[PDB]
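Cβ placement follows ideal geometry from the backbone for every residue including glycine, while neighbour counts extend to all protein chains displayed. Please treat every number below as a calculation from the coordinates, not as lab data.
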Amino acid sequence: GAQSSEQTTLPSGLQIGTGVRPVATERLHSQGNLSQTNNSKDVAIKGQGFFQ
Amino acid sequence: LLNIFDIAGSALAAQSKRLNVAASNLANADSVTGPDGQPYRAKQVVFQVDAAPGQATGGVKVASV
């Protein structure tokens, strides 16, 4: 309703709302640590980029 | 309205008004505000013996909530 400002009054309306649907599943793309495997054919990446 | 019918009907009306006030109280417990914005003051009814002229008894009136 209308707040007259004559009295301190509560702004009472009514809206209920619903639900908490999941909106996204973000992928936190940070540089992981490195682990030495001593294998010659194995390789890791510093910085961004993906093997195709 | 027949006399004893008047007595008992007044009783019915008074008890009904008492119950309505009690229902309003029980429903408006935990009510932050009124319309203009003021506490909801709990309400009670006042019972008085009816038939001011004659016999000093007979019926109940619930004037002045």
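Side notes on the structure shown:
- Helix axis angle, B:3-28 relative to chain B longest principal axis, alpha carbon, degrees: 10 degrees
- Cα-centre dipole for chain B with unit charges at Cβ (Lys and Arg positive, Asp and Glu negative), debye to 20: 60 debye
- Shape parameters for chain A, alpha-carbon atoms, Rg then Dmax in Å: 27.9, 81
- Only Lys, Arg, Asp and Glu carry charge here, each on its Cβ (+1 for the first two, -1 for the last two); on that basis the protein assembly as shown has a dipole of about 380 debye about its Cα centre.
- Peptide B:30-37 has a mean of 3 when you count, residue by residue, the C-beta atoms of other protein chains within 10 Å of its C-beta.
- Given in Å, the Rg to one decimal and the Dmax to the nearest whole number for the Cα atoms of chain B are 15.6, 47.
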